[PDB]
Each structure stands twice: as structure tokens, then as C-alpha cells.
Amino acid sequence: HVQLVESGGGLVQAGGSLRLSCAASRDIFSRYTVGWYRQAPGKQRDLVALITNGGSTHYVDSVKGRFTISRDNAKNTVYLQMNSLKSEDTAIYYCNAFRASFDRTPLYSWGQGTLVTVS
Amino acid sequence: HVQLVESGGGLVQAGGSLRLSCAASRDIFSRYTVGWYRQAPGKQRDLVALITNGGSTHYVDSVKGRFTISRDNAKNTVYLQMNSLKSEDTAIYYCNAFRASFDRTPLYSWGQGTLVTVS
Amino acid sequence: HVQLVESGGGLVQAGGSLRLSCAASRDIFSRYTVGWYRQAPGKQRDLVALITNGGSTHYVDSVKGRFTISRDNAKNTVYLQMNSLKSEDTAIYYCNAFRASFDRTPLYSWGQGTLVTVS
Amino acid sequence: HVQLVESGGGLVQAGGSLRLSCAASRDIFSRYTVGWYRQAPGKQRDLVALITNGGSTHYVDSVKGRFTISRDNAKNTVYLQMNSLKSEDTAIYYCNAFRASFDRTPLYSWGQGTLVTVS
Amino acid sequence: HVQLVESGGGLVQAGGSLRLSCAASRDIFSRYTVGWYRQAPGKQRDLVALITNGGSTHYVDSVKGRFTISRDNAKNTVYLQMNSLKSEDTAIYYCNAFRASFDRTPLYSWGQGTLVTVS
Amino acid sequence: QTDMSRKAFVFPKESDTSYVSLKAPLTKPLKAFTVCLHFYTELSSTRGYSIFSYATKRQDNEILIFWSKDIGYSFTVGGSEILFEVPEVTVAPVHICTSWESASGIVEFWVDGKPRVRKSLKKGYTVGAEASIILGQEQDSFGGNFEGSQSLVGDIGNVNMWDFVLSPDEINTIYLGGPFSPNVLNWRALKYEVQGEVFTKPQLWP
Amino acid sequence: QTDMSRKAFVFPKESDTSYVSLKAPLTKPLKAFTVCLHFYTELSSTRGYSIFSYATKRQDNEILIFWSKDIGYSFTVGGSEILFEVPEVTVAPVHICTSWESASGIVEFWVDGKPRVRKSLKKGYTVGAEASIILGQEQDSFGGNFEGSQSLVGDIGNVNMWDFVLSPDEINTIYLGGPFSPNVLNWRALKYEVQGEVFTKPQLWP
Amino acid sequence: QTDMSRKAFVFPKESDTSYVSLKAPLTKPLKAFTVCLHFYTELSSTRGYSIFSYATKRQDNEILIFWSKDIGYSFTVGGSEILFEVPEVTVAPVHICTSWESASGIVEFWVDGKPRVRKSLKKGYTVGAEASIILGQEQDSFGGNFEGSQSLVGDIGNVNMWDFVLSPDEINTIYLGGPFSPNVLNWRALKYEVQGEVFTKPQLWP
Amino acid sequence: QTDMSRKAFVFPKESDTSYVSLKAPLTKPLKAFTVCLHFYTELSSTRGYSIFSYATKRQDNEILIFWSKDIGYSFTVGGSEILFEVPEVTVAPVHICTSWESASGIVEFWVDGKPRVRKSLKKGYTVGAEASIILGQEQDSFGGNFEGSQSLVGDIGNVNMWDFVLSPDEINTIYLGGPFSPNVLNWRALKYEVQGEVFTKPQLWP
Amino acid sequence: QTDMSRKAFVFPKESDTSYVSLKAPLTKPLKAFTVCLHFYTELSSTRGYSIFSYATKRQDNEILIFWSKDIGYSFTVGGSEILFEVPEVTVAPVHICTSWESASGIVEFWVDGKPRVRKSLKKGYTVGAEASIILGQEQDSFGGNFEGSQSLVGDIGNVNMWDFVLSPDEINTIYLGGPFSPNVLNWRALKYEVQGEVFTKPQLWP
């Protein structure tokens, strides 16, 4: 029932900007430390970035500065602005919601993801 | 109407020098912190370099020392001397004029660019 | 007769998790500083990781954080949790038991290994 | 009339040694800070190394230790011993003579160069 | 007449161990600082490692820890244990004997070498 | 009630049993606090660990300093959580100090005597007075549900809790080891009980 | 008129509301000035931020120190702007001091007590006396048009403004925290008002 | 019984003969101990070496500090073994101190005067009183079965053994070179015999 | 004749006009000399610059310290030139001291108070007494032919010239700012004239 | 017999002529010795150089400290040679001290005041009393056969030779510049003659 919203994806020329959406049923993301994973083809379910409940965020070295994840507590719609999308970025981004920041590996509620094509 | 002049481009053997022009209608670049972006094929709209209103300039690590951007306040013709043009440099260079130095992403007035072919 | 158990292998999509088993006849691993080697095709018999008798463990730079080796003294079944399995990881993992930590090269008892396919 | 001597080139197996000559009409190199450039095919007119009038020398990171340039003031025949010639080194080396050390880009007198083939 | 013994070579799977021999007529290596060079195909006559008369040894960064060269003064048979032989290592190893440690480039007595195939 | 000065809690095994329930006379739900503690562990480069845990019957991690593996110190208040980026973690004892408050949600997370930039957290929130403070375990309930992976396997001490945000000079002094009055919980006047294989012996750090 | 010594303005949220309008008795358009301030934020590695903002009815960024993301400190005077390259930005409080002048356009941008090489800016230009100095917001108008992306989300203090270029020894002393007389605006004699969620509590930096 | 203060054992050749059997009056099997020693060798970047060896008729490596090649200091007690990760080994004399105990299995492996995080080892185990302590050789038996590859080819001194875990301040003092009473074995009151090509001459380290 | 102590020449624009002709009473062609100067500029990572220039009617760069872009300090005497490799150039004021001599051609190029290894230059050569010393311009003639690319756009001071090679302790003292007697040219007793947009204001460096 | 204290031998050209034959009253073939010298050169990153040379009618490199290019300091005794790995060579004066002995072949190669681990060399060997000590040339005979490539082109001083292995505290003192009695050869009481273009002028290093 959680059904993390996976939208704000599509085709963008490399190094562009694209706004990925992450809406949550009810207010769940309030307790979840929500995170974006890049499940690139032939690639892993690795987290592109993550954001803490309070608001602090981290981005993996490969994505440092590349994107900016923010928590939209108004509607649970945590937003992810992708800038300078290099080709590697091309992948399906799974916006998942695990509960605390230390436990990155657990995912609990699972969604469907949003495609990203860096051209 | 802004029509950033995009000229001083062409074909140059790799590691050569080429003078890219950036003329501005009226005196606009005075307030703009003008910047050169490399929109290489299949590549991003990334800034090769930029120069502040006062005169200070920065060049991305990939272009460190490679080129030198200077502000020609006499005619708004900010000049860009490209030295040691490696093959990567081969691209269309968009000379854009955003307003202040912090806001690199905004571009406001947009032009047409000048081709560069590093052979 | 030692017959280091080599199991907990198989096919996993890249960056996943897989639990490799390392069971020992009798209690031998108590004195052995047991270690996982990656005998990847066309590759070496290099140790992916190792664990001391006391419990301390080390993982090669290429595997830093990638996997976690722990000593299961209950049944001699030292376990290896592989997380974030990149393609390189794809190989046959030989779980060997040499005696002390300094002497990585010696292996004494030899087994059969367990396949790993990172897709 | 300057006609920087370009000789001491040819074919050498990779990582070998070859003595490139740089003779000057009259005593010109006395005032020139003479330098070896590598105009490799599809590559730039980049300086492999250079030597000051006094005698001090510098070699680009890619050539650190690779070669040794010395000033032969006896006949203006500045010599360049190439050791450990890797394949990249394969190129036509232009021995040019600009005047002072700061102004690397200027070349003034131009020659013909000597081929180098690292096999 | 020097005829540095070149033996202890052959085919080994990558990352294995192989003992290269370096026997000297009479006691010559006593004064020579003997060294192993890797004359890989299409590659240079670069020293994989070297050992001083006293006994101290050095190994090039590419071979750090990879191999261990020791002086066998009993019969002039300086030994070289190759461990973790990566594919690059595949080459013909020339065991040469120059006289002192500073003068790596000079070789004086020359031999025939021993093949190494890292599979 | 034992004085633990110049002593630290021995956490040498990863397990869900090793822990120490630290009693506290705290009675009024804390609208402001500061926990300072000098801990040391090498799991920083192997996995995360519960540096300090504080539970309530409503919130399991009412106040919890944890090593976000590969990202530094995740500090959480009332379930909500913020993260202090550690660019590089050194093998060496470190003295942390976090100072969450219930008005401005401000957290002066002084680390190794140096400050981490104040960042909001749980603004206008009351920390439950009743607590089952524990070390070595990220408790998913009130002193329960411990996990070895989330456990601290080094050692920790100088665990002091104040009901007020200490002045930065005060935090410096706590780092220097001078006197202090940790009303909520005080290492030098520490009431606690130990469960599992946690020992207690002279602290390594100066 | 409050003394802010040993205190700093709490900027914990990215927003277009968090700010502090710092009043100043300045009446004559400044032909020379120097702003010194000890600030601290970790946005240096996430985005830029308005370290200090100074607007006029003619110029929105009449005087503005900003973190050029991935390039250091962009300091601007009268709209025109120059940039000080920071090779590497550390997570640690830093004390900046910029000293633009209206004759030689000279700017002694002392950073962390160390100097940045003087570079021309806005030569022979008068800074508007009327100002809506603000912190946490790159104002695109006179105290308006704030943007979270251009906002400071750390903390800042010791904000002092002089109508003269302080001698380098004087700037050193400002770094050391000694006495000074910031006529234009003085942290220890600071007139200001706060808007948004900006708090104010004891400064982290020494 | 010779005082070795300001002197170190000369280990200049890799061999299975170079060693020094250090006598000790120890009679009761040690339930707790601490060995401190200042050694120095450049084999850290060539291979491992036996920094300190302690054998028993039951266990060949009853207590043994060894350089795990490319991983730091492997310290072993009663056959069982733990490993302290050295991120980078410098060419410089280092003063190690390991403090295994038979109750909590705790090991304060102070290195170069700095602490390594306590980690369990051989918990509730008694170290055999009878010993053939040796240096330069990982003995696979009671003072026998030496291997050059496992041998120390640098030098070592200040080898002191206590039957108790020294307080961290005490370990600091041992690093500082102050007085101490190493009951089990004491460098300043050292009983030993030398075999092989080991010499003994003034210690390099301060 | 003005004392420039605690003051430096403001070089804020790249141009062929900004310069300062420093007069000198020098009359006998110098068979030995030493120029010490504390300068600071960030062009080190953008391009080269004339750190100090000394011309003659015969030689345009009779004595010239220049930043070889990407290679450090090119110091030239009588046209001939040598180069001191700077492995890494930091953004920070640096005090250079070069000490060419006409007998052994020796140059003690003390940099930032540290020495650069003596290297021959122009051995047995006389430096023309008549000079048009200038700063900010690599003069290709006697005080003429200036180029912005070869120009210094930072600032420089403490420019002192001696007719003798100062002892290394003397050079240290010049770095320390103690007293000295720069007969040929002395910053504290400096005769000069300014052309272009060069200002002069209190030196940044200590 | 000249005192060279606060003075160093000027080696500014690569050549087979630049050298200095240092006389010594040594008469008994040295069974033990120690050479300390503070030298400085930037050839470390261009090629090797003879830091110190000592020949005999039987051995050309009876005692020779040399810069193994890309590997540090090759020190040789009686033809046989050992090598001290320098992980990174800095442009800065360095004070080396090697202490080979004829019983244990031990060499305390103190570098820059820090020790290099003792390693055997030429054990039980007598160094020929008659010598043609030279600097700047790896002599392949008794003061002959010099090669520019093997030559030192920096400068060197404080060259002192003792017939005994100095205690490590003594070597420290030599680094500190205190008094000493270098019987075999003493910089402060140095007998020597100069050939080639070697000058001699005040030493750069402190």
C-alpha cells in the first residue's frame, strides 16, 4: 500500500536537469530516511543518494554535486533535482524508503522506479 | 536581442590555440558573469570556464591552464584564448551570460555557439 | 578429510547480497585464520578477505565494505555476506583455512569452492 | 637561417635510449631557453621538456625521468637522452628555441624535427 | 663467459608463484648489484626489481610485494620468488648483473632470460 | 552510582547482548539536552555502530548517535534524524558532543573537540523523560531488539548528559576533561547496570 | 542594539524566509569599507550560500560575499563581482574579511586569518549608504527576493563593518577576537532584527 | 641479568638462526599481561616479521605480535589471533604495547603511544608460565622451527612484560621512557641469551 | 625616498602599464648581489608573472625573477636563465631571496625562508649598474615593452637589493623582518616612482 | 686545515672535474666508522649523485653514499652495497649519518636526524686507511674516473668522519650542530684540497 511514487523521469541530454518525484502515502517518509537508488542495467541497486528525516542529505562520490535530494514534507513528495546528468546516470532510479539512516540496506516498502535516459 | 556573439571558432590541430569571441549587445556583460560552456556531442552543457564581473576567472579542472578567459570591456567582446586543445575540447562552445557568479546554472540570454574541432 | 564446505554461492544480480558458507570438519577453523580467495577465471587465487582466530577481519581494498566475513564458531561455519557485488566479484570463491594470520600464502587444507555470478 | 638541427632520431624498441641532437647556427641557443616538443600524430605541439640558459632543465610529468635534456654549449648542440621510451613517446620531436623560460608558447625560429618510433 | 643463468621460468596461472634462478659463473654477483628486468613483448627492458650487494632489495611500484628477490651467495644463484603474478607480468625476464646500485642502466654481462607466461 | 572517570565500558564483541543500561534521574521530558562522550572503535571502516542510544516507550531511538557507515555520524532525536558528514574517519578515540534543543531544533555536534555546523532537528519537540539509555545497541524498542550489525564493538566513556545546551566553551571544557555537572546523566556520577559481555576498565583516550 | 559577542545567528534551514536585517547608522555612501565575519556551514560541498549580503535601492548585491559552489568565495561590490579560488573547503568555522575600497578597488579578502591576494573591484565606486544588510539570502532586491538555493544554512557571527580598510595587523586582530570599533556595523554593538526561523545562540567558533 | 636501557637487539639478517631467548622468572600461568616494546624495521613494506614471540610446550605462539604483511599488527594469544589494521606503515621506530587479559580477553594494543581499540581475544584463558620468548622468529614450536620469511630483520628493544594490564597512563609513561617494574620480563633488568647473528647495540629510537 | 615597511605595491590589474620604476644609487656594475622580496599572487595557477625585473641598456632581463607557469621560479641574470622547480605552489604570500654572484655564478634562492639549492648562473659576469628596475612587467627593453601575460597582478613588497651575497643566517633574518642595510635598493629606504594603475597600501604578509 | 663550520662546498655544475679531495689523518684501517654530512641538491628527482665518496687502492667505492635515482640512499662499504628506501625525496637540505661497523656490519643511517633501520653490510671487513675521499664524483678508482651523471650538483657540508659508531644520542647531537670530535675527518677541522669548479661559501642549511 506504501507505493512510493516514482515519477519525474524520462529522457534528458547528458548534463541536464530532471526533477524526480517521490510521493508517499500518508506521511510515512516522516519517519523513513528516504533514498534514491540507481538500478542501472547490468548494474546494482546502489543508492544514488539519501536524505535524513531531519533534512540532511548525502550523495555518493559518483553523484557528488550531481544531484540534490530534498524532503518535501508538505505532501511527502521528496524531490530530487538531477543536474549535470552524465551517461552513467542513465538508469532506472528506485526511490525507496527505509526507516533510519544507518540501515541503508533495508528497504521495507518497495516501489516501481522511474526511468532516466542520459543522451 | 541579446545575441551573444559566438565566433572565433573552427578547426585546429590538437594542442593549438584559437581565440573565441564573445561580443555583447550594448554593455550587458558588465553585469553578467559571462561563461564558456562546452556542449560537446553526446556531452553536457558544461561550463568550460567563467569570468567574474570584476575580472577574476575560473577554469574547470579539465581545462586548468588549457584556456584563458578575459573580459574585453572595450566592446563587450570577452575573449577566450584556447591553448593546448586536446581532442576532448572538440565541441561546440556556447558563450553564455548569466548575471552573477554564484548562479552558474541560470543562463538568461542564449546564443548559438561556435564550433571547435581538435584534430 | 578437512573438506572446507564451499556453499552459499550462485547467481546474483550485480550489487546484491549472497551468503557464502564455510563449514569445517571438527573444530579446525578455531586454530585456522580462515580466508576467502577469489579464483576468478583468468584471474589469480587472490584472497577476497580473511578473518583472524579471535574474530578480527580484513578485506582487500577491492572488496572494502563489499563483503563481511564473520566466524561462526557454533558449527565452524564461518559465514561471508557479500553485498554490492560488482561484476568483477563474479568468480569461484575458494574458502580456505590456513593456520595463522601472517602466513596468508600457505593454505594446507584445500576445498572445491563456490561459484558466484554477478549479473 | 636558424635551422635548429633536428637529428638523433629513428626507431628504438620501447624503453630504450636514443640521443636527439639540437645544433644551432652561430651561438643562438645561448640566449634561447631551448625545448623539445612532441608533435605526436593526432597530438599537440606539446613540449616534452625544456632547458634554461643557465643549465637547469624541466621535464613534463609524462616524461619525468624519461629523458634528460642538457645544453651542449661547445657547438650549440644541446643533447637529449631519451631513456625508457614508452610507446606514447613515439612521435616527431620538434627541437625549438624560444628566448626565455617563462615564454614557452613563443617559438621564433622553427625547424623540421626528428622522428621517433617506439616499438 | 659470464652467462647469467636464466632459468626457473615457464607457464603459471595468474597470481601464482614461480622461482626464477640467477646463477653466476665464479662469484661475480658478489660485486654486482644484480637485477631482474622485464622485457615484455612490445615492452621495454625495464627492471622488475633489483638487489644490492649487501642484501637490500627494491621492487618497482608495479611489482611492489609481487615478487621477492634474494641473494643466494652460496652458489651465486640469486633467487626471485614471484607471487601473485598478474597478466602484465607475462614477459621474458632478463636477469642481468650490473656492478653498483646507482648505475641501473649499465648491464655489462648479458644473458638470455627466462620466459614467464601468466595465464 | 559509580564514578567512571578514567574508565570506559569494554565493548569487544559484536552481539545483541553486550550493552549497558545507564540509569538517569531525569523526570521532566527534556526540551533541551547535550550528550558528550569519548568513544573509540575501528568499525568505522567495517560497518555502523550505535555510539549512544536513548529510547522511550513511544520512540525506540528517542536520542541516538550512530555511525552511518561510509557517511559519518547520524544523530537522531525523537525518531527524526540528521547526519553529520565525516569526510574521513581516523582510527583514533573521538569525543563527540551533540546538543539538540526543543525550540530551535539546534544541534551543536562537537566532534573531537571541533564543532559540527548547527542543523535543525525535531524542532519544538519534547524528549521523553523515561529512558532506557544503552550503549552498543541501536534499540528498536525500549532497551530491546538489539542487532550486532548496529552494535558498537569498540569502547566508550565520558558519557555525560545535560538538560541544557552547553556553551561552546563549556563543550570545549568537557573535551578537556575539566569538571562539569551532567545533571541528566554523568560519567563521574554514573548510575548504571551492565548486560551481556560488556566489561569496564580504564579508558584508552587521554 | 545588542552585543552579540560569543554569540552567532542560528541558520539551520534552507529557506527564503530565514534572514536577519542588520541595521547600520551608515549615512555617507562608503568609498571604503571592510566586513569581517566568522561563519561556518557545510553547504560548501552541497551548494553555494550568501555568506553576507548588502543591498541598495539601486543594487541588490551592493556588497555580497557568497560561496561560489565548487569555486570558493565570490565577493561582489556594486553589482560587479570578483572570485577568490578556494582550492579545498574544509568543514570548519572560517573567519572571512573583505576590504574593498573605492579608489584602488582593492580587496584584502582575509580568510581564516590568512590573506587572499588583493584584486581590483568596482574601482572609484561609491557604496550606497542606505542598506538592507541581510544574512542567509542573496537578495535580488532591497531585502527581498530570497532563494533557498542561494541561502546560508549554517551559522555566522562576528559580523563587523568598518568604513575604512583595516590594516592587515588590524585584520589579524579581528581574527584574534581583540577589541575593535566597527563604526558601520559592529557585532558587539549590533543593531538588528530577525525574520524567519533564524535563532541566535552562542557561537561555535573560538 | 643485563640492563638494556638505551640499547636494542641488532637484527640485521633474515634467517632462521638470528634470535634471542629472553628468560623470565614467570612461574604462575599469566591470566593477564602487557608487553611493551619499541622496535623498528623496514620489512613492513616487504614482508611480515615476528615483532615479539612467546611460546609454550602446548602453544608455539602463545603470545605473538607479528607484522601482518599489508595489514598491520597481528597479535595472537594462546594460538587464537586478532589483527590491528595499520592503514599506512611509516619507516620510523614504533613503540607497541599489547595488553591481553584472561577475563575479558581485552587487548589495549597501544601503538606508537596511541591506542588501538580494545578487542576480545582468548577470553578466560591462561598463558603458560613456562616460555621460550624469542625475537626475530615466529616459532612454530618452543623456541624452534624458525623461518626467515617470518623473521624480523630490523631491531627491537624496550621489551618489557608485566603480569597486569597497565593503566593507559602507565602505557603512555612506558612510551615516554619513564621508570616501570616489568615483573615478567624487563628490558632494564633483562635476563636473556642470544643465538645466531643477532648483535646488541644502542637503540636508534629516542 | 620613502619607507615602505609594512606596505606593499598594489598590483591588481593585468596590464602593460601597471609598474613601478625603483630607483637605485647603484653605480658600480654588480659583481654580486641579493634581492629579497615578499610577494603574493594567485596567478601562479593561471599564468606566469614578473616577480621582479631588472634591465640594462644591453640586457632587458639583466636580473629577473619570474613565475615559470607550471614550473616555479625562473631566475635570470644577464640574459642567461636558470629555473627553480616549485613542486606545488600554494595560495599564500612568499618571501623569495636570490643571491647570484659573479665569481661562482652561485644563487642562493631562498624561498619562503627555505633555501633552494645553489646552482650556477652567468659565472664571472658583471651586472650593469644602470638599471630600470620594475615590478609587474617582464621588460623586453630598458623599462619598456611590457606584456600583461608576463605581468604580476598580485602584490609585492620588502623589495631589498644588496651588493653582496647575504649569509644564510642574514637571509633568514630578512625573512624574519629584522633590520638590514640593502645598499643597492632598500624597501625601508626605497626611492621609486609609479606608473600605470599600481597603488601602494599596507602589505598583507606578516 | 680549515674550519668549515657554517660553510658548505659549492657544487653547482654537473661535471667530472668538480670535486674536493678531503685529507684525513686516518692510519689504521677502519673497523668501524660514522660519516655525518648535511647536503642538499635537487638532482634527487633528475638523477643520482655521489653524496659522499671514499676510495682505496683496492676499492674505488670503499665507502660511498649515493642517491639511488628513484630509490633513495645507496650506501656502500668495501664494494658491497646496501640501499635505504626513500619513499619520497623533498627539496630540502638533509643531514645524513651512516655508521657501518666491521663486526656486526651494522649501519645506523640516520637521515635528516631520523634513523634508518640497521642493516648488515660487509660484516667483519676492514676499511682501507689510505683514502682519496671526494665529493661530487662516484670515483671508479682512487680519486679518478669521475662521471657527471654520477656527480653531485648541489652542495654539501658538515662532513665529519668518526672511527667509531656514534651513539644515537650522539648522532642526534651532530644533527643539532653541537660540538663533536670527528677524529677521522672533521668539518670544523677539515684538511682538504679542491679541484674543478667547486667553490665554498656559507652553508644554506641551519
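Numbering of residues starts from 1 on every chain and follows the order in which that chain's sequence is written, so it may differ from the entry's own numbering; residues lacking coordinates are left out. By the order in which they are written, chains take letters starting at A while ligands take numbers starting at 1. Calculated side-chain values reflect all of the structure's heavy atoms, with hydrogen atoms and water omitted.

Identification of chain F as C-reactive protein from Homo sapiens is taken from the PDB entry. This entry carries the title "CRP antigen-antibody2 complex". UniProt positions are given in the numbering used here, feature names are shortened, and annotations may be inferred rather than shown by experiment. Here chain F is described in UniProt, under the heading Subunit, as follows: "Homopentamer. Pentraxin (or pentaxin) have a discoid arrangement of 5 non-covalently bound subunits. Interacts with FCN1; may regulate monocyte activation by FCN1." Word for word, the UniProt comment on chain F under Subcellular location is "Secreted".

Chain A has the name CRP antibody2 in the PDB entry, where Vicugna pacos is given as its organism.

Colleague: Before we move on, could you go through the overall build of chain F and cite the residues and values that matter?
Modeller: When helices and strands are tallied, chain F shows 1 helix and 12 strands. What you see in chain F, going N to C, is helices and strands ordered as β-β-β-β-β-β-β-β-β-β-α-β-β. With the radius of gyration taken over C-alpha atoms, the globule rule is written as 2.2 Å times the number of residues to the power 0.38. Here the C-alpha atoms of chain F give a radius of gyration of 15 Å, agreeing with the 17 Å that 2.2 N^0.38 yields for 206 residues. If you line up chain F on its principal axes, its C-alpha atoms span 40 × 35 × 35 Å. Contacts are residue-level and defined by heavy atoms, with any inter-residue pair within 4.5 Å sufficient. If you take every contact in chain F between residues at least 6 apart in sequence, the share linking residues at least 24 apart comes to 67%. Working definition of accessibility: Shrake-Rupley area with a 1.4 Å probe, residue cover restricted to the visible protein chains. Carbon and sulfur atoms provide 52% of the accessible area of chain F, an area that totals close to 6800 Å². The positive count covers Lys and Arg only, the negative count covers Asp and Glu only, and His and the chain ends enter neither. Taken as the charge centre is NZ of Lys, CZ of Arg, CG of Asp or CD of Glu, depending on the residue. Side chains of chain F give 19 positive and 23 negative charges; the mean places of these two sets differ by 5 Å. Secondary structure elements are defined from DSSP: runs of H or I of at least 4 residues count as helices, runs of E of at least 2 residues count as strands, and each element is numbered from the N terminus.

Colleague: Quick one: what's the story with the interface of chain C and chain E, residue by residue and with numbers?
Modeller: With 5 residues of chain C at the interface, the matching set in chain E holds 6 residues. As a working definition, buried area equals the accessible area (1.4 Å probe) given up by two parts on being put together, with both sides summed. Both sides together, the interface formed by chain C and chain E hides about 320 Å², and carbon and sulfur atoms give 48% of it. By salt bridge we mean one thing: a side-chain nitrogen of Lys or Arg within 4 Å of a carboxyl oxygen of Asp or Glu. Where chain C meets chain E, there are 0 salt bridges. Each polar contact in these results corresponds to two N or O atoms within 3.5 Å; when the atoms are within protein, one needs to be able to donate a hydrogen and the other to accept it, and residues that are neighboring in sequence are counted only if both atoms are side-chain atoms. If you look at where chain C meets chain E, you find 2 residue pairs in polar contact.

Colleague: For the interface of chain F and chain H, give the residues involved together with the corresponding values.
Modeller: Reports of interface size often rely on the accessible area that becomes lost once the parts have come together. At the junction of the two partners, chain F supplies 18 residues and chain H supplies 17 residues. Approximately 1400 Å² of surface area, both sides summed, lies buried where chain F meets chain H, with 65% of it carried by carbon and sulfur atoms. It is F:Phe199, F:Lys201 and F:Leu204 that lose the most area in chain F upon contact with chain H, and together they represent 39% of the buried surface on that side. Taken together, the connections running from chain F to chain H amount to 2 residue pairs in polar contact. For the side of chain F that touches chain H, the secondary-structure elements that each account for two or more residues are β1 (8-10) and β12 (199-201) of chain F. Under the grouping applied here, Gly and all other residues not named as nonpolar or charged are polar, the nonpolar ones being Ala, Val, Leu, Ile, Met, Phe, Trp, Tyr, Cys and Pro and the charged ones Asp, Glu, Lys and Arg. The class makeup of the residues in the side of chain F that touches chain H is 11 nonpolar, 3 polar and 4 charged.

Colleague: Just give me the short version of the pattern of salt bridges, but keep the residues and values in it.
Modeller: Applying the stated criterion to the full structure yields 35 salt bridges over all chains. Between G:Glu85 and B:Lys64 there is a salt bridge, with the nearest N and O atoms lying 3.5 Å from each other. In this pair, G:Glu85 is assigned in strand β7 (residues 80-85) and B:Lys64 in the loop between β5 (57-59) and β6 (67-70), connecting two distinct chains. On the basis of relative accessible area, G:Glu85 is assigned to the partly exposed category, the value being 22%. Each residue's exposure class comes from its accessible area (1.4 Å probe, protein chains only) as a fraction of the maximum for that residue type: buried when under 20%, exposed when over 50%, partly exposed otherwise. Taking the relative accessible area as the measure of exposure, B:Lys64 reaches 37% and is therefore partly exposed. A salt bridge links B:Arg99 to G:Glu138, with the nearest nitrogen and oxygen atoms 3.3 Å apart. Of this pair, B:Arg99 sits in the loop between β8 (91-98) and β9 (114-118) while G:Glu138 sits in the loop between β9 (110-111) and β10 (155-162), each in a different chain.

Colleague: If you had to explain the sheet that holds strand β1 (residues 10-12) of chain D to someone new, which residues and values would you point to?
Modeller: All names here are of chain D. Strands are labelled as partners when DSSP assigns at least two bridges between them. Overall, mixed pairing links the 6 strands, which are arranged β1-β9-β8-β3-β4-β5 in an open sheet. Single-partner strands in this sheet number two, and they are β1 and β5 (57-59). With strand direction ignored, the average angle separating the axes of adjacent strands in the sheet is 25°. Looking at chain direction, β1 and strand β9 (residues 114-118) are connected through 3 bridges and run parallel. Counted as the bridge partner of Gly-10 is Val-116 from β9. For helices, the fitted axis covers only the stretch in contact; all axes are lines through C-alpha atoms, and the angles between them, taken along N-to-C directions, range from 0 to 180 degrees.

Colleague: Pulling in residues and values, what's your account of the UniProt feature "domain: Pentraxin (PTX)" in chain F?
Modeller: Using the residue numbers shown here, the UniProt feature "domain: Pentraxin (PTX)" corresponds to residues 5-206 of chain F. Spanning residues 5-206 of chain F, this segment combines 4% helix with 30% strand, and its end C-alpha atoms are found 11 Å apart.

Colleague: How would you sum up the relation of the copies chain F and chain H? Please name residues and give values.
Modeller: Each copy is brought onto the others through a least-squares superposition of its C-alpha atoms. In the superposition of chain F on chain H (RMSD 0.0 Å, axial shift 0.0 Å), the rotation amounts to 72°. Such a combination of turn and shift is consistent with a five-fold rotation axis. Distance from the rotation axis, computed per C-alpha, reaches its smallest value in chain F at F:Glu88: 12 Å.

Colleague: Can you tell me about helix α1 (residues 168-176) of chain F, naming the residues and giving the values?
Modeller: Residues and elements named next belong to chain F. Listing the buried residues of α1 in full gives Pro-168, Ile-171 and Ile-174. Along the axis of α1, the buried residues cluster in a sector spanning 110°; they form a single face. Turned more than 90 degrees off the buried face of α1, the exposed positions are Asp-169 and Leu-176. Looking at the packing, one finds that the buried side of α1 touches β3 (34-40), β8 (94-98), β9 (110-111) and β10 (155-162). Of the residues one or two after α1, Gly-177 is the one with positive phi, at around 85°. Arc definition: it is the arc formed by the directions from the helix axis to the C-beta atoms.

Colleague: Tell me what's going on with the side chain of A:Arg38, and back it up with residues and numbers.
Modeller: All names here are of chain A. Along the polypeptide, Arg-38 turns up in strand β3 (residues 33-39). Judged by relative accessible area, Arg-38 falls into the buried class, the value being 11%. Within the structure, the side chain of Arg-38 is placed 3.0 Å from the side chain of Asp-89, a separation counted as a polar contact. The contact partners of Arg-38, leaving out residues within four places of it in the chain, are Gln-44, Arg-45, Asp-46, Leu-47, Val-48, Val-63, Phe-67, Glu-88, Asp-89, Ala-91, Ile-92 and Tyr-93.

Colleague: Can you lay out the state of the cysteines for me, pointing to particular residues and giving the numbers?
Modeller: Residues and elements named next belong to chain H. The disulfide criterion is simple: two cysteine sulfur atoms within 2.5 Å. One pass over the structure, following the stated rule, counts 5 disulfides over all chains. Between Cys-36 and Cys-97 runs a disulfide, and the two sulfur atoms are separated by 2.4 Å. Disulfide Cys-36-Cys-97: torsion about the S-S bond near 130°, hence right-handed. A residue pair is termed long-range when its members are at least 10 positions apart, and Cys-36 in strand β3 (residues 34-40) and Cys-97 in strand β8 (residues 94-98) qualify at 61 residues.

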